[PDB]
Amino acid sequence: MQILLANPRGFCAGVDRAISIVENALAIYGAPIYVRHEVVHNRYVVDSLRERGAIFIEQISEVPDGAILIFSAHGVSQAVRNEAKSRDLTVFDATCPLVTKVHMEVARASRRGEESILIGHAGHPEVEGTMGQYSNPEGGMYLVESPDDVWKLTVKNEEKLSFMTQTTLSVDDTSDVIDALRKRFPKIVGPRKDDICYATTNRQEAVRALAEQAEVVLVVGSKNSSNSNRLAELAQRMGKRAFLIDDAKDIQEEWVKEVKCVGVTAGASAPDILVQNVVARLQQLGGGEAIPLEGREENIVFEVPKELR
């Protein structure tokens, strides 16, 4: 059985920065360090940090006074940010710069009292944080997940309307939502294409290439990782059995039973060590040396705040 590895795969710049922020905070201030929401959606990373003294909570009311709190890479609403500010807490923001970018556009629309539409998945922390940047009652902030949602949305004034998107969506599905938005609201303004980040776009391009060669695709990533789910979904849509797994232990023999070529990739929040263990398991199951496919080279790095070096 041939083992192919998608390229690029794994850690993006926002995730590496976010994890480093927590690790450095722990090294500088020692345990415990509070983090609002899993720093990144990866069980291994979260479990490891917890073992190191990090405490993950969902609400600021779960954080003691005088404590150190870090916002996850997914970002937080202004309400959450203000609640933390009103509290006696030292705050470090690990929100990815590319999520913050969208936040600023929403804040701008809110200040102008102009309505905005966000394309994203309800319930996701990034959506909650981004929609949470809009506060002007005279305007409006709406969420749409599909063309159907666009088809039934009504706004106060479509002459002054803008849109933004979640950073980890399916490039193809989002394109369809945007087409619908422009057909429905011809005067709507937004980015050239979307707010989907480079890492998401690159990994989806990479898994598409992997899928046209592999019969089965394994995506290393946790169940609550949006970008990871989109990778598995993309492969499945291409007619390939694709599985989202946290570690090599989740691999079932039947999945690669008599398979001549299996492909492996990883979400933006999955550590390389997990991929290495998955490859080792596949090799125990008959796979040969892992072959990395040629791909788009990534060179972006986001540094931790000087205050945490």
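Position 1 is the first residue in the sequence shown; the rest follow in order.
- Comparing 265-273 with 248-256, the higher mean C-alpha B-factor in the PDB entry belongs to 248-256.
- Mean C-alpha B-factor is higher over 284-292 than over the other stretch, the pair under comparison being 284-292 and 11-19.
- Based on the entry's C-alpha B-factors, the most elevated value among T168, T130, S116, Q213 belongs to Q213.
- When the C-alpha B factors of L181, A122, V155, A94 are read from the deposited coordinates, the top value falls at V155.
- Annotation for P137: C-alpha temperature factor in the highest third relative to the rest of the modelled chain, per the entry.
- In the PDB entry, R208 places in the middle third of its chain by CA B-factor.
- When all modelled residues of the chain are sorted by CA temperature factor, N202 is found within the lowest third.
- Looking at the C-alpha B-factors along this chain, the one for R36 belongs to the middle third.
- Ranked by Cα temperature factor within the chain, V45 sits in the lowest third according to the deposited record.
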